[PDB]
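Letters A, B, ... mirror the listed sequences (proteins, then strands); counts begin at 1.
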Amino acid sequence: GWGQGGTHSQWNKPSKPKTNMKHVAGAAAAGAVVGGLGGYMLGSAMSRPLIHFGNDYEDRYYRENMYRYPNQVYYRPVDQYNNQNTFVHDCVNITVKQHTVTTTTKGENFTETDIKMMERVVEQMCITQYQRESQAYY
Amino acid sequence: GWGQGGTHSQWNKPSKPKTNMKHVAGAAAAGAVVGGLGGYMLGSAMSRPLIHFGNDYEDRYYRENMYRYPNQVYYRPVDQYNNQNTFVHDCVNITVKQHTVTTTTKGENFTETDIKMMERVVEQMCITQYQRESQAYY
Amino acid sequence: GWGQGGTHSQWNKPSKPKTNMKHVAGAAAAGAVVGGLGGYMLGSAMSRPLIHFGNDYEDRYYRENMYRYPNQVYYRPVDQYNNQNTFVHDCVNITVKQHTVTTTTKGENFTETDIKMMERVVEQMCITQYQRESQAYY
Amino acid sequence: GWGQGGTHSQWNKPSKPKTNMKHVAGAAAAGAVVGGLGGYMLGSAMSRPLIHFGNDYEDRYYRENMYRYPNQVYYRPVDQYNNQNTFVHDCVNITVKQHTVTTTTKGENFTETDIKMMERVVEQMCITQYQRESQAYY
Amino acid sequence: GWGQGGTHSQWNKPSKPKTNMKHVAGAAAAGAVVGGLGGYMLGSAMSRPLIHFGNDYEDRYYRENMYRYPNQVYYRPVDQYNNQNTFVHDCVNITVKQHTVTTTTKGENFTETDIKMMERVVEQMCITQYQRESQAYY
Ligand SMILES: *[C@@H]1O[C@H](CO)[C@@H](O)[C@H](O)[C@H]1NC(C)=O
Ligand SMILES: *[C@@H]1O[C@H](CO)[C@@H](O)[C@H](O)[C@H]1NC(C)=O
Ligand SMILES: *[C@@H]1O[C@H](CO)[C@@H](O)[C@H](O)[C@H]1NC(C)=O
Ligand SMILES: *[C@@H]1O[C@H](CO)[C@@H](O)[C@H](O)[C@H]1NC(C)=O
Ligand SMILES: *[C@@H]1O[C@H](CO)[C@@H](O)[C@H](O)[C@H]1NC(C)=O
Ligand SMILES: *[C@@H]1O[C@H](CO)[C@@H](O)[C@H](O)[C@H]1NC(C)=O
Ligand SMILES: *[C@@H]1O[C@H](CO)[C@@H](O)[C@H](O)[C@H]1NC(C)=O
Ligand SMILES: *[C@@H]1O[C@H](CO)[C@@H](O)[C@H](O)[C@H]1NC(C)=O
Ligand SMILES: *[C@@H]1O[C@H](CO)[C@@H](O)[C@H](O)[C@H]1NC(C)=O
Ligand SMILES: *[C@@H]1O[C@H](CO)[C@@H](O)[C@H](O)[C@H]1NC(C)=O
């Protein structure tokens, strides 16, 4: 007539996490867990992987049992070329340019005029602005 | 008639984490856990991996049992070429340029004019601004 | 009729962590745990990895049991070429340039004019500003 | 009828950590733990790794048991070339330049004018400013 | 009918750590623990690694048990070339330059003018400023 108390356990219990950031790449933030017996595991081999939050009871009576390589993980990869990549390209290859090429041969009595006005061409770009009861003036 | 008290345990219990940052790359922040028996594990091999928050009871009676290599991890990778990468490119390859190429051969009595006005061309770019009851004037 | 008191234990218990930072790369900050039996483990091999927050009871009676290499970790990698990398490129390759190339051959009585006005071209860039009841004037 | 008192233990218990910093690279800060039996462990091999916050009870009666290499870690890596790196590039390769190349051959009676005005071209860049009831004037 | 008092122990218990710093590289600061049986351990091999905050009870009766190399760590790495590095590049390769190249051959009666105005070109850069009820005037 024994007794085990109930378990109220948290692998991650953050209370009121107020966080301001920009980039979360390959990481964990704002009270987040990257995988329980998992996550970013490109090549894995797990024998008898068990997750049970409930109570566990075992009454085992093993007699003259021949266990030959139980839960064996024969991890023998050959020439494994696997790609599991995350690519994020934001505001990449942005060009604001004015280019002029001049190639004049034996030019006599000639006038060359190259005017490239560039005014108010881009006012805003990639403005990741979060507003809450706020004001922004540009 | 024994008794084990209940377990109220937290691997990470941050209370009210107020944090300001910019980049979280390959790390942990703001009360976050990178993996419980996991995370970023490209090549792994785990035999009998068990996670159970509940109470555990075991009553084992093993007699004359032949256990030959139980829970064996034969980790023998050969020529493993695996890629699990996180790429973040933000505001990369940004160019604001004015380029002029002049190639004049035996130019007689000629006038060359190259005017490239560049005014108010980019006012804002990559402005990651978080506003809460605030004001910004540009 | 024995008794074990309940366990209220925290691997990390930070209370009210107020933190200001910029970059968290490959590290831990703001009360964060990088992995419990895990994290950033590119090549790993764990036999019988067990995590249980609950109470543990074991009543083992092993008699004449032949355990040949139990929980054996045969970690024999050959030519393992694995990449699990985090890449963050923010405001990289930013160029604000005015370039002029002049190549004149036997130029007689000629006028060369190269004007590149550059005014108010970029007012703000990569402004990671967090505002709370604040004001910014540019 | 014995008794063990409950354990209330913290591997890291920082109370009200108020911290201001810039870079946390490959380190620990703001009351953070880098791994419990883990963290940044590129090549690892652990046999029977166990974490249990709850109470542990063991009643073992082993008789005539042949344990041949139990929990053996055969850590024999050959030619292991693994990369688990964190790369953070912020405001890298920033160039503000005015370049002029002049190549004149036998130039007679010629005027060369190279004007590159550069005014108010970049007002702010990489301004990582955290504001709380504050004012900034540029 | 014995009794063991409860353990309230902290590996690190900093109360109200108020800290101001700039760089935390490969270190520990602000009441942070770099790893419990872990941290930054690129090549490791641990047999039976156990962490349990709860109370431990062991009643072992071992008789005529043959333990051949129990918990053996055969740590024999060969040609291990592993890289787990943290790279942080902030405000690197910043160039503000005005360059002029002059190559004139047998130039007769010619005027060369090279004007590169550079005014208010960069007002702020890499300003990591934390403000709390404060004022900054530029
Ligand atoms: C455009 O961007 C891609 C990646 O998004 C890059 O690989 C390439 O070199 C760029 N091309 C240009 C700038 O012409
Ligand atoms: C061009 O050059 C020739 C030189 O032989 C001259 O006769 C002519 O007047 C020139 N053109 C002008 C518009 O002056
Ligand atoms: C453009 O960016 C890519 C990566 O995003 C870089 O590899 C490449 O060299 C860049 N090309 C340019 C600047 O022309
Ligand atoms: C160009 O040069 C020739 C020199 O022979 C001259 O006759 C002519 O007047 C010139 N052109 C002008 C517009 O002066
Ligand atoms: C552009 O950036 C990439 C990385 O983002 C770098 O490898 C390359 O050399 C750069 N190219 C330029 C500056 O032309
Ligand atoms: C150009 O040079 C020649 C020299 O022979 C001269 O005759 C001519 O007047 C020149 N051009 C001008 C516009 O002066
Ligand atoms: C651009 O930056 C990369 C790394 O981000 C560096 O390796 C390269 O040499 C740089 N290229 C330039 C400055 O042209
Ligand atoms: C150019 O030089 C020649 C010298 O022979 C001269 O005749 C001519 O007047 C010059 N050009 C000017 C505009 O003075
Ligand atoms: C640019 O920076 C990289 C590292 O970020 C450095 O290795 C390289 O020499 C630099 N290139 C330049 C200054 O051209
Ligand atoms: C250029 O030099 C020659 C010398 O022979 C001269 O005749 C000519 O007047 C010169 N040019 C000017 C504009 O003085």
Next on the checklist: Please give me the minimum heavy-atom distance between B:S134 and A:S134, naming the atom from each residue.
Outcome noted: N-OG, 3.0 Å
Checklist outcome for this item: Ranking B:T113, B:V24, B:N55 by heavy-atom pairs under 4.5 Å to chain A gives rank one to B:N55
Checklist entry - Out of curiosity, A:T7 OG1 to B:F53 CZ, how far, rounded to the nearest 0.5 Å? => result 9.5 Å
Checklist outcome for this item: Residue from B:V96, B:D59, B:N82 scoring the most non-hydrogen pairs under 4.5 Å with chain A is B:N82
Could you pull out all donor-acceptor pairs under 3.5 Å where a side-chain atom in residues 26-52 of chain A meets a protein atom, sequence neighbours excluded?
residue, atom, partner, partner atom, Å
A:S47, OG, A:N71, O, 2.8
A:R48, NE, A:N71, OD1, 3.1
A:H52, NE2, A:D56, OD2, 3.4

Checklist entry - OH of A:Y67 to CG of B:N65: how many Å apart, nearest 0.5 Å? => result 8.0 Å
Next on the checklist: Testing the 3.5 Å rule here: is there a donor-acceptor pair between the side chains of B:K116 and A:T100?
Outcome noted: yes
Checklist entry - Which residue out of B:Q72, B:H99, B:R63 racks up the most heavy-atom pairs below 4.5 Å with chain A? => result B:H99
Next on the checklist: I need the B:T128 OG1 to A:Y130 OH distance, nearest 0.5 Å.
Outcome noted: 8.0 Å
Next on the checklist: Under a 4.5 Å cutoff for heavy-atom pairs, which residue among B:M117, B:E58, B:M125 has the most contacts with chain A?
Outcome noted: B:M117
Next on the checklist: Quick one, B:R76 with A:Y75, criterion side-chain contact (heavy atoms from CB on, under 4.5 Å). Give me CA distance, side-chain angles, the key distance, then yes/no.
Outcome noted: CA-CA 6 Å; B:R76 190 100 175 254; A:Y75 191 85; over 6 Å; no
Next on the checklist: Is it the case that the side chain of A:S9 and the backbone of B:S9 share a donor-acceptor pair, with hydrogens and angles ignored and the cut-off at 3.5 Å?
Outcome noted: yes
Checklist entry - Based on non-hydrogen pairs under 4.5 Å, which of A:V73, A:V92, A:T105 is most in contact with chain B? => result A:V73
Next on the checklist: Using a 6.0 Å cut-off, check whether atom NZ of B:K97 has over 12 heavy atoms from anything other than its own residue.
Outcome noted: yes
Checklist entry - Roughly how far, to the nearest 0.5 Å, is NZ of A:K106 from CD of B:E108? => result 10.5 Å
Item to check | Top contributor to chain B interface from A:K18, A:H23, A:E112, A:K13 [non-hydrogen pairs under 4.5 Å] | outcome: A:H23
Item to check | B:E133 side chain near A:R132 side chain, heavy-atom distance below 4.5 Å | outcome: no
Item to check | Near-ring test B:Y57/A:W2, centroid separation under 6.0 angstrom | outcome: yes
Next on the checklist: Under a 3.5 Å cutoff, is there a donor and acceptor pairing between the side chains of A:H8 and B:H8?
Outcome noted: yes
Next on the checklist: Please identify, among B:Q124, B:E64, B:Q4, the residue contributing the most non-hydrogen atom pairs under 4.5 Å to chain A.
Outcome noted: B:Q124
Checklist entry - Are a donor atom and an acceptor atom from the side chains of B:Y62 and A:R60 found within less than 3.5 Å of each other? => result yes
Next on the checklist: For chain A, which candidate among B:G5, B:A25, B:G107 shows the most heavy-atom pairs at distances under 4.5 Å?
Outcome noted: B:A25
Checklist entry - Based on non-hydrogen pairs under 4.5 Å, which of A:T111, A:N109, A:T95 is most in contact with chain B? => result A:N109
Checklist entry - Just by distance, do the side chain of A:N85 and the backbone of B:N85 share a donor-acceptor pair under 3.5 Å? => result yes
Checklist entry - Quick one: does B:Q80's side chain get under 4.5 Å of A:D79's, heavy atoms only? => result no
Next on the checklist: Just so I understand: if I count every heavy-atom pair under 4.5 Å between each of A:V101, A:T86, A:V121 and chain B, which residue has the most?
Outcome noted: A:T86
Item to check | Flag, side chain of B:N83 to backbone of A:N83, donor-acceptor distance under 3.5 Å | outcome: no
Checklist entry - If you measure from OH on A:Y137 to CD on B:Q135, what distance do you get to the nearest 0.5 Å? => result 7.5 Å
Item to check | Electrostatic pair B:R120-A:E123, nearest N-O below 4.0 angstrom | outcome: yes
Checklist outcome for this item: Scanning both residues in full, the closest heavy-atom pair of B:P14 with A:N12 reads CD-OD1, 4.4 Å
Next on the checklist: Using modelled atom types and a 3.5 Å cut-off, is there a donor and acceptor pairing between side-chain atoms of B:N20 and backbone atoms of A:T19?
Outcome noted: no
Next on the checklist: Nearest 0.5 angstrom please: A:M118 CE to B:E119 CD, how far?
Outcome noted: 13.0 Å
Next on the checklist: I'd like to know if A:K22 and B:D90 make a salt bridge, using a cut-off of under 4.0 Å between side-chain N and carboxylate O.
Outcome noted: yes
Checklist outcome for this item: chain B shares the most heavy-atom pairs under 4.5 Å, among A:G54, A:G1, A:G6, with A:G6
Checklist outcome for this item: When every non-hydrogen atom of A:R68 is compared with those of B:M66, the smallest separation belongs to NH1-CE, 4.3 Å
Checklist outcome for this item: Closest non-hydrogen contact found for A:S15 with B:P17 is O-CD, 3.3 Å
Checklist entry - Which residue pairs satisfy the ring-ring contact (aromatic ring centres under 6.0 Å, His included) criterion with at least one member in residues 108-129 of chain A, sequence neighbours excluded? => result A:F110-B:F110
